[PDB]
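Undergrad: Got a structure for you, written out below as structure tokens; questions coming shortly.
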Amino acid sequence: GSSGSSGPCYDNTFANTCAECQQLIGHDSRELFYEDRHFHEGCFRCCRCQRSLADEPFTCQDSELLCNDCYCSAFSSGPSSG
Ligand SMILES: [Zn+2]
Ligand SMILES: [Zn+2]
């Protein structure tokens, strides 16, 4: 990490910025504004298998989103039957 964190500021950015790639939105791209935040038709893909989530059946979660092919997983795999 670093140190010497400077102070904040006040900017007037009038343009949606993907909450994933931190990039503006509007470049001939389909906006996928969600309840959480805005995202690009692409960046808005399962963070497990990178699957497109454009009006598809999935299980949205907190600060995360898993597709119907991921959400239904078995974390058990990780650890063992200690
Ligand atoms: Zn994006
Ligand atoms: Zn998935």
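A note on labels: chains of the structure tokens are A, B, ... as shown, every chain counts residues from 1, and ligands are counted from 1 in their shown order.
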Residues contacting ligand 2 - anything with an atom at most 8 Å away, using only C-alpha atoms and all ligand atoms - can you give me those as a PDB file with N, CA and C atoms, in the first residue's frame?
TA:
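Result file follows (pocket_12.pdb):
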ATOM      1  N   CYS A  46     -21.337 -12.745 -15.674  1.00  0.00           N
ATOM      2  CA  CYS A  46     -21.009 -13.529 -14.490  1.00  0.00           C
ATOM      3  C   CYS A  46     -19.526 -13.411 -14.152  1.00  0.00           C
ATOM      4  N   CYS A  47     -19.232 -13.137 -12.886  1.00  0.00           N
ATOM      5  CA  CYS A  47     -17.853 -12.999 -12.433  1.00  0.00           C
ATOM      6  C   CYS A  47     -17.249 -14.361 -12.103  1.00  0.00           C
ATOM      7  N   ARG A  48     -17.823 -15.411 -12.680  1.00  0.00           N
ATOM      8  CA  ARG A  48     -17.344 -16.768 -12.444  1.00  0.00           C
ATOM      9  C   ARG A  48     -16.996 -17.458 -13.760  1.00  0.00           C
ATOM     10  N   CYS A  49     -17.885 -17.335 -14.739  1.00  0.00           N
ATOM     11  CA  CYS A  49     -17.675 -17.947 -16.046  1.00  0.00           C
ATOM     12  C   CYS A  49     -17.728 -16.898 -17.154  1.00  0.00           C
ATOM     13  N   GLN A  50     -17.824 -15.632 -16.756  1.00  0.00           N
ATOM     14  CA  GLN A  50     -17.883 -14.535 -17.716  1.00  0.00           C
ATOM     15  C   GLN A  50     -19.012 -14.749 -18.718  1.00  0.00           C
ATOM     16  N   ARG A  51     -20.218 -14.975 -18.206  1.00  0.00           N
ATOM     17  CA  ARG A  51     -21.381 -15.196 -19.056  1.00  0.00           C
ATOM     18  C   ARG A  51     -22.232 -13.933 -19.152  1.00  0.00           C
ATOM     19  N   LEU A  66     -24.190 -14.053  -9.546  1.00  0.00           N
ATOM     20  CA  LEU A  66     -23.887 -15.378 -10.076  1.00  0.00           C
ATOM     21  C   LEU A  66     -25.021 -15.884 -10.961  1.00  0.00           C
ATOM     22  N   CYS A  67     -24.660 -16.477 -12.094  1.00  0.00           N
ATOM     23  CA  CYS A  67     -25.647 -17.006 -13.028  1.00  0.00           C
ATOM     24  C   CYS A  67     -26.302 -18.267 -12.471  1.00  0.00           C
ATOM     25  N   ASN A  68     -27.416 -18.665 -13.076  1.00  0.00           N
ATOM     26  CA  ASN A  68     -28.139 -19.855 -12.641  1.00  0.00           C
ATOM     27  C   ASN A  68     -27.271 -21.100 -12.781  1.00  0.00           C
ATOM     28  N   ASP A  69     -26.122 -20.945 -13.430  1.00  0.00           N
ATOM     29  CA  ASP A  69     -25.200 -22.056 -13.630  1.00  0.00           C
ATOM     30  C   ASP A  69     -24.042 -21.988 -12.639  1.00  0.00           C
ATOM     31  N   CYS A  70     -23.995 -20.908 -11.866  1.00  0.00           N
ATOM     32  CA  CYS A  70     -22.940 -20.720 -10.878  1.00  0.00           C
ATOM     33  C   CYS A  70     -23.518 -20.666  -9.468  1.00  0.00           C
ATOM     34  N   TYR A  71     -24.434 -19.730  -9.245  1.00  0.00           N
ATOM     35  CA  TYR A  71     -25.063 -19.572  -7.939  1.00  0.00           C
ATOM     36  C   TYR A  71     -25.332 -20.928  -7.295  1.00  0.00           C
TER      37      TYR A  71
END
Undergrad: Using only C-alpha atoms and all ligand atoms, what are the residues with an atom within 8 Å of ligand 1, set out as a PyMOL selection string?
TA: chain A and resi 17-25+39-44
Undergrad: Store the residues of this selection in a file with N, CA, C and O atoms, as a compact mmCIF listing (two decimals), in the first residue's frame.
TA:
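Result file is again_9.txt:
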# COMPACT_ATOMS: atom_id res chain seq x y z
N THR A 17 -20.43 5.87 -15.65
CA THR A 17 -19.15 5.17 -15.70
C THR A 17 -19.26 3.76 -15.13
O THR A 17 -19.42 3.58 -13.92
N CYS A 18 -19.19 2.77 -16.01
CA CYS A 18 -19.28 1.37 -15.59
C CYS A 18 -18.64 1.17 -14.22
O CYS A 18 -17.51 1.60 -13.98
N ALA A 19 -19.37 0.51 -13.32
CA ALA A 19 -18.87 0.25 -11.98
C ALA A 19 -17.94 -0.96 -11.96
O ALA A 19 -17.55 -1.44 -10.90
N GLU A 20 -17.58 -1.43 -13.15
CA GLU A 20 -16.69 -2.58 -13.28
C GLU A 20 -15.34 -2.17 -13.85
O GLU A 20 -14.31 -2.31 -13.20
N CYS A 21 -15.36 -1.66 -15.08
CA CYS A 21 -14.13 -1.22 -15.74
C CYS A 21 -13.88 0.26 -15.49
O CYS A 21 -12.86 0.80 -15.93
N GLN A 22 -14.80 0.90 -14.79
CA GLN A 22 -14.67 2.32 -14.48
C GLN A 22 -14.56 3.15 -15.76
O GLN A 22 -13.79 4.11 -15.82
N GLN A 23 -15.32 2.76 -16.78
CA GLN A 23 -15.30 3.47 -18.05
C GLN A 23 -16.67 4.06 -18.37
O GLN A 23 -17.70 3.47 -18.04
N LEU A 24 -16.67 5.22 -19.01
CA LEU A 24 -17.91 5.90 -19.37
C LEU A 24 -18.81 4.98 -20.20
O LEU A 24 -18.37 3.94 -20.68
N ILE A 25 -20.06 5.38 -20.36
CA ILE A 25 -21.02 4.59 -21.13
C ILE A 25 -21.79 5.47 -22.11
O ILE A 25 -22.28 6.54 -21.75
N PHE A 39 -23.51 -0.67 -15.90
CA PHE A 39 -22.46 -1.53 -16.45
C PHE A 39 -22.65 -1.71 -17.95
O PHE A 39 -23.74 -1.49 -18.48
N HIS A 40 -21.59 -2.12 -18.63
CA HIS A 40 -21.63 -2.33 -20.07
C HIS A 40 -22.17 -3.72 -20.40
O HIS A 40 -21.87 -4.69 -19.71
N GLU A 41 -22.98 -3.80 -21.46
CA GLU A 41 -23.56 -5.07 -21.87
C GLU A 41 -22.58 -6.22 -21.66
O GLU A 41 -22.97 -7.35 -21.40
N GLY A 42 -21.29 -5.91 -21.77
CA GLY A 42 -20.26 -6.93 -21.59
C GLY A 42 -19.86 -7.09 -20.14
O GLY A 42 -20.17 -8.10 -19.51
N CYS A 43 -19.17 -6.09 -19.60
CA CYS A 43 -18.72 -6.13 -18.22
C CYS A 43 -19.79 -6.74 -17.32
O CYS A 43 -19.48 -7.31 -16.26
N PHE A 44 -21.04 -6.63 -17.74
CA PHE A 44 -22.16 -7.17 -16.97
C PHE A 44 -22.30 -8.68 -17.20
O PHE A 44 -23.37 -9.16 -17.56
Undergrad: Taking only C-alpha atoms into account, which of A:82, A:3, A:77, A:35 comes nearest residue A:63?
TA: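 Once distances to residue A:63 are computed over only C-alpha atoms, the minimum belongs to A:35.
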Undergrad: Find the distance between atom CA of residue A:36 and atom CA of residue A:56 and write it in Å to one decimal.
TA: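 Atom CA of residue A:36 sits 16.6 Å away from atom CA of residue A:56.
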Undergrad: Please extract the residues of chain A with a backbone DSSP assignment of strand (DSSP E) and present them as a list in words.
TA: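 Residues of chain A classed as strand (DSSP E): residues 58, 59, 60, 61, 64, 65, 66 and 67 of chain A.
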Undergrad: Those residues with N, CA, C and O atoms, as a CSV table (one decimal), in the first residue's frame please?
TA:
chain,number,residue,atom,x,y,z
A,58,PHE,N,-30.8,-15.7,-13.6
A,58,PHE,CA,-29.7,-15.8,-12.7
A,58,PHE,C,-30.1,-15.5,-11.3
A,58,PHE,O,-31.2,-15.1,-11.0
A,59,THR,N,-29.1,-15.5,-10.4
A,59,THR,CA,-29.4,-15.3,-9.0
A,59,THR,C,-28.5,-14.1,-8.5
A,59,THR,O,-27.4,-14.3,-8.0
A,60,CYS,N,-29.0,-12.9,-8.6
A,60,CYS,CA,-28.3,-11.7,-8.2
A,60,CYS,C,-28.0,-11.7,-6.6
A,60,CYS,O,-28.9,-12.1,-5.9
A,61,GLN,N,-26.8,-11.4,-6.2
A,61,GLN,CA,-26.5,-11.3,-4.8
A,61,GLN,C,-25.9,-10.0,-4.4
A,61,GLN,O,-25.7,-9.1,-5.2
A,64,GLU,N,-22.3,-8.8,-5.7
A,64,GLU,CA,-21.9,-9.9,-6.5
A,64,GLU,C,-23.1,-10.4,-7.3
A,64,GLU,O,-24.3,-10.1,-7.0
A,65,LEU,N,-22.8,-11.1,-8.4
A,65,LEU,CA,-23.9,-11.7,-9.2
A,65,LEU,C,-23.5,-13.0,-9.9
A,65,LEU,O,-22.5,-13.1,-10.6
A,66,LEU,N,-24.2,-14.1,-9.5
A,66,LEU,CA,-23.9,-15.4,-10.1
A,66,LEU,C,-25.0,-15.9,-11.0
A,66,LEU,O,-26.2,-15.7,-10.6
A,67,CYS,N,-24.7,-16.5,-12.1
A,67,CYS,CA,-25.6,-17.0,-13.0
A,67,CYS,C,-26.3,-18.3,-12.5
A,67,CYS,O,-25.8,-18.9,-11.5
Undergrad: Could you state the separation of atom CA of residue A:14 and atom CA of residue A:55 in Å, given to one decimal place?
TA: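 Value for the atom CA of residue A:14-atom CA of residue A:55 distance: 26.4 Å.
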